[PDB]
Structure formats: structure tokens, C-alpha cells
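What follows is a short report on a single structure.
Quick reminder, even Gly has a Cβ in these numbers, built from the backbone with ideal geometry, and neighbours come from all protein chains shown. Since every read-out is calculated from the coordinates, none of them should be taken as a lab result.
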Amino acid sequence: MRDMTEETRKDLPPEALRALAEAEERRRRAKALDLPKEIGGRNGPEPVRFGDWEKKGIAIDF
């Protein structure tokens, strides 16, 4: 939720950069799964179209 610049961070930490490094620590190929499948198309997970938004409130702004 944001409406005004107000406080501005400076030189954000390598949170995203480190995330990439952590993602590197592991790879799909490393898990032993090349995934040669392509011509096929099996059904997978699909949660119902359920959701709950509560934007309206004290913080209500734009």
C-alpha cells in the first residue's frame, strides 16, 4: 500500500541478488529431471477459483 513517496530507501540490500544465489545452490537438472516430455500434456494441480480481498478499511487510500 503506497500513496506518497515520503520515506525513501537507499541502496537496497542484496536480498534479490542473494535470492538468485540461493536459487543457484539448486537446479532442476541437478534434481535428476531433464524433462524430455513435451508432446504429452497430463493434468496437474488446479485449486478452485477462491479468493478473499479486504482493501477497504482505515488504510483505504489511493
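Give all pairs with beta carbons closer than 8 Å in which a residue from the range 39-62 that is within 12 Å of residue 1 (Cα to Cα) meets a residue that is of a type outside the set (A, V, I, L, M) and assigned to a loop (DSSP other than H, G, I, E, B); count only pairs at least 6 apart in sequence or on separate chains.
These pairs meet every condition: 61/3; 62/3.
Could you list, in sequence order, all residues of the range 1-32 that are assigned to a helix (DSSP H, G or I) and over 21 Å from the mean Cα position of the chain (by Cα)?
Selection gives nothing.
Sort out which residues of the range 1-37 are closer than 30 Å to residue 54 by Cβ and surrounded by 10 or more Cβ atoms within 10 Å (Cβ to Cβ), and write them in order of number.
If the condition is that a residue be closer than 30 Å to residue 54 by Cβ and surrounded by 10 or more Cβ atoms within 10 Å (Cβ to Cβ), then 19 is the only one that fits.
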